[PDB]
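Below: one structure, written as C-alpha cells.
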Amino acid sequence: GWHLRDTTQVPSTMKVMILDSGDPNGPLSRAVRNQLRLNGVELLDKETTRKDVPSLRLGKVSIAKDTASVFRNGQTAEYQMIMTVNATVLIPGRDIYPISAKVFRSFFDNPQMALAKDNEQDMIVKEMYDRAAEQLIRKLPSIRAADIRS
Amino acid sequence: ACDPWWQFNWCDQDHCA
Amino acid sequence: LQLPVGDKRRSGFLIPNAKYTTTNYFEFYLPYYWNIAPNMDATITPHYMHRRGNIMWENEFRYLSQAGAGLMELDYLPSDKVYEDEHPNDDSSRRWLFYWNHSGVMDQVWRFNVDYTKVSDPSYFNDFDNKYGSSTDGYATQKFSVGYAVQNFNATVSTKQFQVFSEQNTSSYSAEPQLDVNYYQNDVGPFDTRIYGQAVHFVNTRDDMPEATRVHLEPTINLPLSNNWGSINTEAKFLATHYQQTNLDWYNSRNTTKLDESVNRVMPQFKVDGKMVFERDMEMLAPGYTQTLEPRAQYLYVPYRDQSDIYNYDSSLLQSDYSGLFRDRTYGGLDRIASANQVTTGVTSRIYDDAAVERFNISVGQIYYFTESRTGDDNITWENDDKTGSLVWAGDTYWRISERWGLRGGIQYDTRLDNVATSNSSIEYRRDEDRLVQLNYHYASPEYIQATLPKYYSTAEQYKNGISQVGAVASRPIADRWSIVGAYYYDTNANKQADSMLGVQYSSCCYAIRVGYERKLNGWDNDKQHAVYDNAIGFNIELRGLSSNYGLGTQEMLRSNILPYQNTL
Ligand SMILES: CCCCCCCCCCCCO[C@@H]1O[C@H](CO)[C@@H](O[C@H]2O[C@H](CO)[C@@H](O)[C@H](O)[C@H]2O)[C@H](O)[C@H]1O
Ligand SMILES: CCCCCCCCCCCCO[C@@H]1O[C@H](CO)[C@@H](O[C@H]2O[C@H](CO)[C@@H](O)[C@H](O)[C@H]2O)[C@H](O)[C@H]1O
C-alpha cells in the first residue's frame, strides 16, 4: 500500500519560524537555515513583532574525536567522530520541546599524510553538521504530535 | 591558443578525434 | 591553604594522588591550586617519578576572556635516567610538553581557534600520563585559525603543522599559511550561487622536498526544486587551480615523471541529485506505525585531467560509507581530483511509531561507474583490475529497540578488494548514566589496509593483518554509593588483548575515592617482533560538598582508557 508522501516534511504549523542561536554565523546555524529553506520554511528575526510563530533555538554543539580501534602496536587505526546537537522548539503559549541529534562518522588515520587527513577531517565535520540539521528537521513532526495529545 | 583554454571543455584530456 | 576544592575555592594544596605503573614504577602528584582572579586559575603539580628518579613540574592555566576560553599546559622534566640510558649520545635528557587549546567566538563575527601540541621527543606519550595526548596518537597537531564570518560570507586564515612521531618517514607537509573564502547568494533568479576560494603555501620539514603555492577558485550554481514527496537539485561547478612548485630538483632526479614548476588545472563538474519519498501504514507490526521508503539517485560527471605533474600535498582517499556514497569528491584537498562518470543509487527505509518518532532505519546503496575514475597518477594497489560497474556498496542501520536498547551497524564493500572493506557493529543497553552494557565490533580487511595505507603498513607485522576488534564495556552501581566499571577490548586476529580497564569509585557526601587499573597496548618491540603492554594502578581522592556534583563518576571512568566509551543510545 505504498503511496507518495502527501504531507510536508515540516508541519504546516511551522511553515513560518524564528531561528535563534548564540552563533548565528556558525556552521550549524548555516546548515539548519539551508535545510529549512529547502523545505519552504519562512524564517523571521528574533525581534519580529509577529506572534503565534514557533521558535527554534539551537543549543550547544559537541564534537568529539576518539580512537575506535588500534593496531597491534597500540597506535590509532580508526577515529570515531561524534557530533551531538541540542535544540529546543518553543510553541508560543503551549510549551517548549527539546530535541537532539547525534551523528557518527569514522575515518582511518595516516600520519604520513597527516595534513591530508586534517583536511579530510574538516570535510567530515562539514558533512556532519548537514546530517545533524536533517535529523532536527526529521524531529519536527513528532513535536507537532506532542502538541496535539497535550 | 588552445593550451590553457581547452581546460574549460567537457571532454577528457586524451579525447578529441 | 590545606585541602581546598580545585574548582573555584581559595588557593591551596589539593589532595595528593599516587599510582604505580610499569613505565615509571611509583608516581605521586602533589597539586597546588591557585585562583588568580575570576576566569583565571592555575595548577602547579610536582609529579615525582621513581623509575626516572626525578620530579616533573606540570603547570596548568585556565582562562576565560571575551576572545573565548583557553587552557595552557606546560610539563617539564629536567632529567630522565631512562631516556638517558636509552639515548646516551644526546647532550641532555630533559622532556617537555606544551599544549594550548583556545576556542572563542567574539562579537558573533570573529572566530579564534588554537589547537597546539608540541613534545620534546616522539616517545613522550608512551612514557607519561595521557591527559592532553595519548599513546595511540601518531602525531601532534599545531593549528591556529582566525576567521571572520557573517551570514553570507566568511574568510579564515589558518596555519597547520604536524610533528610526526613514527620514525619511518618524519617528513610532513604544512600549510603556512592557508586562506579560505566562501561567498553565497541565494536569490539569483531560481538559482543559488556560491564561490569558494583558497590560497595555500605548502612547505615540508625536509629541505629537499618540493614546496608549493596553490590558488584555487570554485564557482558553483545550482537549481533546487522540491515537492511534498520528491526533490531534484542540479549543480554546475568550475574548478580552477594554479600551482607554483619549487625545489623540484631532488624529486625530478629520482622519479621518471616530472613535476612542473607552473601548472594550470581547470575542469567543469556536473551533478544531478534526486530524492523521492513513499509512505505506508504498517498495521501488521502495530497500528499507527508508518514506514517510509526513500529512493535517492545521483549522476556525477567530471572530465579527466592528467595530474601527474602535481605533487600530492594534502589529498587522501576518503572512506565511502552510505552518506559518503553521494559525495562528489574521491579525495580530500585539491591536489587529486578524480574524473567521474558515475551514478549512485541508494534507498533508505525508516519506521516511525504512532508518536511520529523514528524507531528504525536502514540504508543500502551502490555506485556504478560508466568509465574508470582516474587522476593520471594511479598507484592504489587493488586486488583486481575492475574499473567499471558496481564497484562500491555501502549499508547502514540503526534500531532503537526500546528505551534502553540500541543497535547500530555499518558495512562497506568494494569489489576491487574482493572482500568487505570495513564494518562496524554495536549493541548497547543503558538504563541510565550508571547502569550500562555495550558490545562493539570493528573490522577492516587487510586488503583495505594495503590499498589505502603505505606499503610498509601492508608489510609490517603490526599493521598488515587489518583490524578485527571486539570490545565489551560495562558499569553498575551498588548501594547508591559504589560504582564498578569494566572494559575489555580484544583482537581476534592475534588472539591477544588490546585494552583492559577496571574502576571502583566510592562516593560520599563530602569526598570521593576512585581506584583505577588499566592494561593497554603501548608500543612495539622491533627486536623480538611482539607488542609491548603497559600496566597502571592508581588511586585518587576528590573533595565533594561544595558543588551539586552528586554523580558516582561512572562516565568519567568510562573515558579513562585508550579506547574510551561512547554512548550509542
Ligand atoms: C545493510 C545493513 C546495515 C549493515 C549491517 C551489517 C553490519 C554488521 C556487520 C558487521 C559485523 C560482522 O562483520 C563481519 O566480520 C566478519 C568476521 O570477521 C568479516 O569476515 C571475515 O571473516 C574472516 C576473518 O578472518 C575472513 O576469512 C573473511 O574473508 C572475512 O570476510 C566480514 O568481512 C565483516 O563484515
Ligand atoms: C566487561 C569488563 C571486563 C573487565 C575485566 C577485565 C579486567 C581484567 C584484566 C585482565 C587481567 C589481568 O591479567 C593480565 O592479562 C592476562 C591474563 O588474562 C595475562 O596475559 C595474557 O594475555 C593474553 C591475552 O589477554 C592471553 O591470551 C595470554 O595467555 C596471556 O599472555 C597478563 O600477564 C595479565 O597481567
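Ordering of the C-alpha cells sets the chain letters (A, B, ...), residue numbers begin anew at 1 in every chain, and ligands are numbered from 1 in the order given.
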TODO: Report as an NGL selection string: the residues of chain A with a DSSP assignment of helix (DSSP H, G or I), based on the backbone of this structure.
DONE: :A and (12-14 or 27-38 or 111-138 or 140-149)
Limited to C-alpha atoms, could you put the picked residues into a file as a PDB file, in the first residue's frame?
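Contents of again02.pdb, as written:
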ATOM      1  CA  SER A  12       2.041  23.330   8.341  1.00  0.00           C
ATOM      2  CA  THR A  13       2.006  24.997  11.767  1.00  0.00           C
ATOM      3  CA  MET A  14       5.780  25.514  11.392  1.00  0.00           C
ATOM      4  CA  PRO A  27      28.279  26.289  10.615  1.00  0.00           C
ATOM      5  CA  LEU A  28      25.378  24.576  12.390  1.00  0.00           C
ATOM      6  CA  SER A  29      23.197  27.671  12.039  1.00  0.00           C
ATOM      7  CA  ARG A  30      24.019  27.866   8.327  1.00  0.00           C
ATOM      8  CA  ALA A  31      23.206  24.177   7.828  1.00  0.00           C
ATOM      9  CA  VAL A  32      19.905  24.470   9.710  1.00  0.00           C
ATOM     10  CA  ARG A  33      18.967  27.603   7.759  1.00  0.00           C
ATOM     11  CA  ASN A  34      19.737  25.853   4.466  1.00  0.00           C
ATOM     12  CA  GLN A  35      17.695  22.793   5.459  1.00  0.00           C
ATOM     13  CA  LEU A  36      14.745  24.969   6.490  1.00  0.00           C
ATOM     14  CA  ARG A  37      14.975  26.964   3.252  1.00  0.00           C
ATOM     15  CA  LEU A  38      14.934  23.743   1.218  1.00  0.00           C
ATOM     16  CA  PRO A 111      50.460  10.007   9.949  1.00  0.00           C
ATOM     17  CA  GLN A 112      52.497  10.068   6.727  1.00  0.00           C
ATOM     18  CA  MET A 113      49.717  12.185   5.185  1.00  0.00           C
ATOM     19  CA  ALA A 114      48.714  13.959   8.398  1.00  0.00           C
ATOM     20  CA  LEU A 115      47.972  17.267   6.655  1.00  0.00           C
ATOM     21  CA  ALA A 116      45.768  15.462   4.139  1.00  0.00           C
ATOM     22  CA  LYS A 117      43.988  13.669   6.977  1.00  0.00           C
ATOM     23  CA  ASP A 118      43.350  17.014   8.658  1.00  0.00           C
ATOM     24  CA  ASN A 119      41.622  18.307   5.536  1.00  0.00           C
ATOM     25  CA  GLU A 120      39.581  15.111   5.363  1.00  0.00           C
ATOM     26  CA  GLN A 121      38.567  15.646   8.984  1.00  0.00           C
ATOM     27  CA  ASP A 122      37.354  19.141   8.124  1.00  0.00           C
ATOM     28  CA  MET A 123      35.313  17.732   5.247  1.00  0.00           C
ATOM     29  CA  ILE A 124      33.737  15.173   7.573  1.00  0.00           C
ATOM     30  CA  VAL A 125      32.773  17.916  10.016  1.00  0.00           C
ATOM     31  CA  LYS A 126      31.278  19.932   7.162  1.00  0.00           C
ATOM     32  CA  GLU A 127      29.132  16.916   6.314  1.00  0.00           C
ATOM     33  CA  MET A 128      28.202  16.092   9.910  1.00  0.00           C
ATOM     34  CA  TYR A 129      26.505  19.445  10.513  1.00  0.00           C
ATOM     35  CA  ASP A 130      24.362  18.820   7.439  1.00  0.00           C
ATOM     36  CA  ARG A 131      23.338  15.410   8.764  1.00  0.00           C
ATOM     37  CA  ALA A 132      22.579  16.936  12.156  1.00  0.00           C
ATOM     38  CA  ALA A 133      20.370  19.554  10.522  1.00  0.00           C
ATOM     39  CA  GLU A 134      18.466  16.851   8.652  1.00  0.00           C
ATOM     40  CA  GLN A 135      17.907  14.955  11.893  1.00  0.00           C
ATOM     41  CA  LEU A 136      16.491  18.077  13.528  1.00  0.00           C
ATOM     42  CA  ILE A 137      14.034  18.527  10.669  1.00  0.00           C
ATOM     43  CA  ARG A 138      13.023  14.876  10.972  1.00  0.00           C
ATOM     44  CA  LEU A 140       9.744  18.467  13.750  1.00  0.00           C
ATOM     45  CA  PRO A 141       6.613  16.325  13.080  1.00  0.00           C
ATOM     46  CA  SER A 142       6.939  14.494  16.408  1.00  0.00           C
ATOM     47  CA  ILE A 143       6.801  17.800  18.289  1.00  0.00           C
ATOM     48  CA  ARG A 144       3.606  18.551  16.370  1.00  0.00           C
ATOM     49  CA  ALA A 145       2.213  15.237  17.606  1.00  0.00           C
ATOM     50  CA  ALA A 146       3.264  16.164  21.141  1.00  0.00           C
ATOM     51  CA  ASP A 147       1.377  19.424  20.615  1.00  0.00           C
ATOM     52  CA  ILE A 148      -1.845  17.558  19.816  1.00  0.00           C
ATOM     53  CA  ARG A 149      -2.032  14.921  22.558  1.00  0.00           C
TER      54      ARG A 149
END
Task: Residues within 12 Å of ligand 2, counting only C-alpha atoms and all ligand atoms, as number ranges by chain - done: C: 22, 436-440, 470-476, 484-504, 516-521, 530-537, 558
Take the residues that were just selected and, keeping N, CA and C atoms, output them as a short mmCIF file (atom, residue, chain, number, x, y, z; two decimals), in the first residue's frame.
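In the end it all went to out00.cif:
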data_model
loop_
_atom_site.label_atom_id
_atom_site.label_comp_id
_atom_site.auth_asym_id
_atom_site.auth_seq_id
_atom_site.Cartn_x
_atom_site.Cartn_y
_atom_site.Cartn_z
N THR C 22 54.12 0.42 35.16
CA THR C 22 55.29 -0.34 34.74
C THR C 22 56.32 0.52 34.02
N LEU C 436 24.91 0.36 32.57
CA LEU C 436 25.04 0.21 31.13
C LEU C 436 25.93 -0.98 30.77
N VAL C 437 25.64 -1.57 29.62
CA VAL C 437 26.44 -2.62 29.00
C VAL C 437 26.50 -2.32 27.51
N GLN C 438 27.66 -2.54 26.89
CA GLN C 438 27.82 -2.28 25.47
C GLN C 438 28.78 -3.29 24.86
N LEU C 439 28.40 -3.83 23.71
CA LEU C 439 29.26 -4.70 22.92
C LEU C 439 29.47 -4.06 21.56
N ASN C 440 30.73 -3.97 21.13
CA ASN C 440 31.04 -3.36 19.85
C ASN C 440 32.03 -4.22 19.10
N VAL C 470 36.93 -6.74 19.09
CA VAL C 470 35.66 -6.86 19.80
C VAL C 470 35.84 -6.29 21.20
N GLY C 471 34.92 -5.43 21.60
CA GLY C 471 35.02 -4.75 22.88
C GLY C 471 33.75 -4.86 23.69
N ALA C 472 33.92 -4.98 25.00
CA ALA C 472 32.81 -5.06 25.94
C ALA C 472 33.04 -4.04 27.05
N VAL C 473 32.05 -3.19 27.28
CA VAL C 473 32.09 -2.18 28.33
C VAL C 473 30.90 -2.40 29.24
N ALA C 474 31.10 -2.25 30.55
CA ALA C 474 30.01 -2.43 31.49
C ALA C 474 30.21 -1.51 32.68
N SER C 475 29.10 -1.11 33.30
CA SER C 475 29.15 -0.29 34.50
C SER C 475 27.87 -0.52 35.29
N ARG C 476 28.03 -0.65 36.61
CA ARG C 476 26.95 -0.95 37.53
C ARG C 476 27.20 -0.29 38.89
N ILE C 484 31.07 0.43 39.86
CA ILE C 484 32.00 -0.53 39.29
C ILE C 484 31.96 -0.38 37.78
N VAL C 485 33.14 -0.27 37.16
CA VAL C 485 33.28 -0.06 35.73
C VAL C 485 34.31 -1.04 35.19
N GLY C 486 34.01 -1.65 34.05
CA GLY C 486 34.95 -2.55 33.41
C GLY C 486 34.90 -2.40 31.91
N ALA C 487 36.03 -2.71 31.27
CA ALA C 487 36.13 -2.66 29.82
C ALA C 487 37.20 -3.64 29.36
N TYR C 488 36.93 -4.31 28.25
CA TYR C 488 37.84 -5.31 27.69
C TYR C 488 37.75 -5.26 26.17
N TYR C 489 38.85 -4.89 25.52
CA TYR C 489 38.95 -4.83 24.07
C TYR C 489 39.99 -5.84 23.61
N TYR C 490 39.57 -6.75 22.73
CA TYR C 490 40.29 -7.97 22.38
C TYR C 490 40.39 -8.08 20.87
N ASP C 491 41.57 -8.46 20.39
CA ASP C 491 41.83 -8.60 18.96
C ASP C 491 41.77 -10.07 18.58
N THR C 492 40.92 -10.40 17.60
CA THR C 492 40.69 -11.79 17.25
C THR C 492 41.68 -12.33 16.23
N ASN C 493 42.36 -11.47 15.48
CA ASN C 493 43.38 -11.96 14.55
C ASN C 493 44.56 -12.55 15.30
N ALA C 494 45.10 -11.81 16.26
CA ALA C 494 46.24 -12.28 17.04
C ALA C 494 45.84 -13.04 18.29
N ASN C 495 44.55 -13.07 18.62
CA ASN C 495 44.06 -13.67 19.86
C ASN C 495 44.75 -13.07 21.07
N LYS C 496 44.96 -11.76 21.04
CA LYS C 496 45.67 -11.05 22.09
C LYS C 496 44.82 -9.88 22.58
N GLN C 497 44.98 -9.57 23.86
CA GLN C 497 44.33 -8.40 24.44
C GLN C 497 44.89 -7.12 23.83
N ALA C 498 44.01 -6.14 23.63
CA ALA C 498 44.40 -4.80 23.22
C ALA C 498 44.29 -3.80 24.35
N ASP C 499 43.18 -3.84 25.09
CA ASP C 499 42.98 -2.90 26.19
C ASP C 499 42.11 -3.55 27.26
N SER C 500 42.33 -3.14 28.50
CA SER C 500 41.55 -3.65 29.62
C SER C 500 41.56 -2.62 30.73
N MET C 501 40.41 -2.42 31.37
CA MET C 501 40.29 -1.39 32.38
C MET C 501 39.28 -1.81 33.44
N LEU C 502 39.62 -1.53 34.70
CA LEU C 502 38.72 -1.68 35.83
C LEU C 502 38.71 -0.39 36.64
N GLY C 503 37.57 -0.09 37.25
CA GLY C 503 37.44 1.11 38.05
C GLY C 503 36.41 0.98 39.15
N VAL C 504 36.79 1.34 40.37
CA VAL C 504 35.89 1.28 41.52
C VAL C 504 35.89 2.65 42.17
N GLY C 516 41.65 2.97 39.92
CA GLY C 516 41.60 2.57 38.52
C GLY C 516 42.79 1.73 38.12
N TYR C 517 42.51 0.69 37.34
CA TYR C 517 43.52 -0.20 36.80
C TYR C 517 43.35 -0.28 35.29
N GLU C 518 44.47 -0.28 34.57
CA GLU C 518 44.43 -0.39 33.12
C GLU C 518 45.65 -1.14 32.61
N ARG C 519 45.42 -2.05 31.67
CA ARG C 519 46.47 -2.71 30.91
C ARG C 519 46.21 -2.44 29.44
N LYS C 520 47.17 -1.81 28.77
CA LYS C 520 46.96 -1.33 27.42
C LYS C 520 48.14 -1.67 26.52
N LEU C 521 47.87 -1.79 25.22
CA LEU C 521 48.95 -1.78 24.25
C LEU C 521 49.66 -0.44 24.29
N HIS C 530 57.18 -8.38 18.87
CA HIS C 530 55.95 -8.56 19.63
C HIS C 530 55.58 -7.24 20.28
N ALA C 531 54.32 -7.15 20.70
CA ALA C 531 53.79 -5.91 21.26
C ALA C 531 54.27 -5.70 22.69
N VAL C 532 54.17 -4.45 23.14
CA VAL C 532 54.54 -4.05 24.49
C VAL C 532 53.27 -3.64 25.23
N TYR C 533 53.15 -4.08 26.48
CA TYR C 533 51.98 -3.78 27.29
C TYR C 533 52.38 -2.92 28.48
N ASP C 534 51.49 -2.01 28.86
CA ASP C 534 51.70 -1.12 30.00
C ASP C 534 50.57 -1.30 31.00
N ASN C 535 50.94 -1.41 32.28
CA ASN C 535 50.00 -1.58 33.38
C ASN C 535 50.06 -0.36 34.28
N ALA C 536 48.90 0.06 34.78
CA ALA C 536 48.81 1.23 35.64
C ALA C 536 47.69 1.04 36.65
N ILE C 537 48.01 1.15 37.94
CA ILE C 537 47.03 1.09 39.01
C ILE C 537 47.19 2.35 39.87
N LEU C 558 34.54 5.79 32.47
CA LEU C 558 34.36 5.20 31.15
C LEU C 558 35.26 5.83 30.09
#
Task: Nearby polymer residues, ligand 1, at most 10 Å, only C-alpha atoms and all ligand atoms, as a ChimeraX atom specification - done: /C:322,361-365,393-398,407-413,418-426,440-447,465-470,492-493
Open item on the list: Residues near residue 14 of chain B, anyone? I mean within 9 Å using only C-alpha atoms, not counting same-chain ones fewer than 3 positions away, as a list in words.
Closed with: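 Once the nearby chain positions are removed, what remains is residues 11 of chain B; 304, 305 and 306 of chain C.
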Would you give me, as a Markdown table, each residue of chain C having an atom within 6 Å of an atom of chain A, along with its shortest atom pair and that distance in Å to one decimal, using only C-alpha atoms and sorting by chain and residue number?
| residue | atom | partner | partner_atom | distance |
| --- | --- | --- | --- | --- |
| C:136 | CA | A:75 | CA | 4.1 |
| C:138 | CA | A:111 | CA | 5.9 |
| C:149 | CA | A:25 | CA | 6.0 |
| C:150 | CA | A:25 | CA | 5.5 |
| C:151 | CA | A:25 | CA | 5.4 |
| C:228 | CA | A:8 | CA | 5.1 |
| C:229 | CA | A:5 | CA | 4.7 |
| C:277 | CA | A:5 | CA | 5.9 |
| C:278 | CA | A:4 | CA | 4.4 |
| C:279 | CA | A:3 | CA | 5.4 |
| C:280 | CA | A:2 | CA | 5.0 |
| C:314 | CA | A:116 | CA | 3.8 |
| C:315 | CA | A:116 | CA | 5.2 |
| C:316 | CA | A:116 | CA | 5.6 |
| C:332 | CA | A:120 | CA | 5.2 |
| C:356 | CA | A:142 | CA | 4.7 |
| C:357 | CA | A:142 | CA | 5.8 |
| C:462 | CA | A:72 | CA | 4.7 |
| C:521 | CA | A:74 | CA | 4.7 |
| C:522 | CA | A:74 | CA | 5.4 |
| C:523 | CA | A:73 | CA | 4.8 |
| C:524 | CA | A:73 | CA | 4.9 |
| C:531 | CA | A:73 | CA | 5.7 |
| C:563 | CA | A:67 | CA | 5.7 |
Open item on the list: Could you check the closest approach to residue 15 of chain B for each of C:102, C:303, C:455, C:88 and tell me which residue wins, using only C-alpha atoms?
Closed with: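 Once distances to residue 15 of chain B are computed over only C-alpha atoms, the minimum belongs to C:303.
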Please build the interface table for chain C against chain B with a cut-off of 12 Å, listing for each qualifying residue the nearest atom pair and the distance in Å to one decimal; count only C-alpha atoms, order rows by chain and increasing number, and write it as a tab-separated table.
residue	atom	partner	partner_atom	distance
C:236	CA	B:10	CA	11.8
C:237	CA	B:8	CA	11.0
C:238	CA	B:8	CA	8.3
C:239	CA	B:8	CA	9.4
C:240	CA	B:7	CA	9.2
C:241	CA	B:7	CA	11.0
C:242	CA	B:4	CA	11.2
C:262	CA	B:4	CA	11.8
C:263	CA	B:4	CA	9.8
C:264	CA	B:4	CA	7.3
C:265	CA	B:7	CA	7.1
C:266	CA	B:7	CA	5.2
C:267	CA	B:8	CA	5.9
C:268	CA	B:8	CA	6.5
C:269	CA	B:10	CA	8.5
C:270	CA	B:10	CA	9.6
C:301	CA	B:10	CA	9.1
C:302	CA	B:10	CA	7.8
C:303	CA	B:12	CA	5.1
C:304	CA	B:12	CA	4.7
C:305	CA	B:13	CA	5.4
C:306	CA	B:13	CA	6.9
C:307	CA	B:13	CA	10.4
C:338	CA	B:12	CA	11.8
C:339	CA	B:12	CA	8.7
C:340	CA	B:12	CA	10.6
C:341	CA	B:12	CA	11.1
C:371	CA	B:12	CA	11.3
C:372	CA	B:12	CA	12.0
C:373	CA	B:12	CA	11.7
C:374	CA	B:12	CA	10.9
C:375	CA	B:13	CA	10.9
C:376	CA	B:13	CA	10.0
Task: Backbone-only DSSP, strand (DSSP E or B) members of chain A, as JSON, numbers by chain - done: {"A": [3, 4, 16, 17, 18, 19, 20, 21, 42, 43, 44, 55, 56, 57, 58, 59, 60, 61, 62, 63, 64, 65, 66, 67, 68, 69, 70, 76, 77, 78, 79, 80, 81, 82, 83, 84, 85, 86, 87, 88, 89, 90, 91, 95, 96, 97, 98, 99, 100, 101, 102, 103, 104, 105, 106, 107, 108]}
Open item on the list: Rounded to one decimal, what separation in Å do you get between atom CA of residue 44 of chain C and atom CA of residue 6 of chain C?
Closed with: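 Here the two named atoms are 11.6 Å from each other.
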Shell around residue 287 of chain C at 10 Å using only C-alpha atoms, local window under 6 positions removed, as a PDB file with N, CA and C atoms, in the first residue's frame:
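Writing done, so here's selection.pdb:
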ATOM      1  N   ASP C 281       1.171   2.776   5.829  1.00  0.00           N
ATOM      2  CA  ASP C 281       0.812   2.434   7.198  1.00  0.00           C
ATOM      3  C   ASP C 281       1.025   0.938   7.388  1.00  0.00           C
ATOM      4  N   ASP C 353       6.976   5.261  14.913  1.00  0.00           N
ATOM      5  CA  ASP C 353       5.886   4.758  15.738  1.00  0.00           C
ATOM      6  C   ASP C 353       4.668   5.675  15.602  1.00  0.00           C
ATOM      7  N   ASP C 354       3.663   5.456  16.452  1.00  0.00           N
ATOM      8  CA  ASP C 354       2.446   6.257  16.398  1.00  0.00           C
ATOM      9  C   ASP C 354       2.675   7.700  16.826  1.00  0.00           C
TER      10      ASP C 354
END
Open item on the list: So, with only C-alpha atoms as the atoms that count, which of A:17, A:60, A:85, A:94 lies closest to residue 41 of chain A?
Closed with: A:17
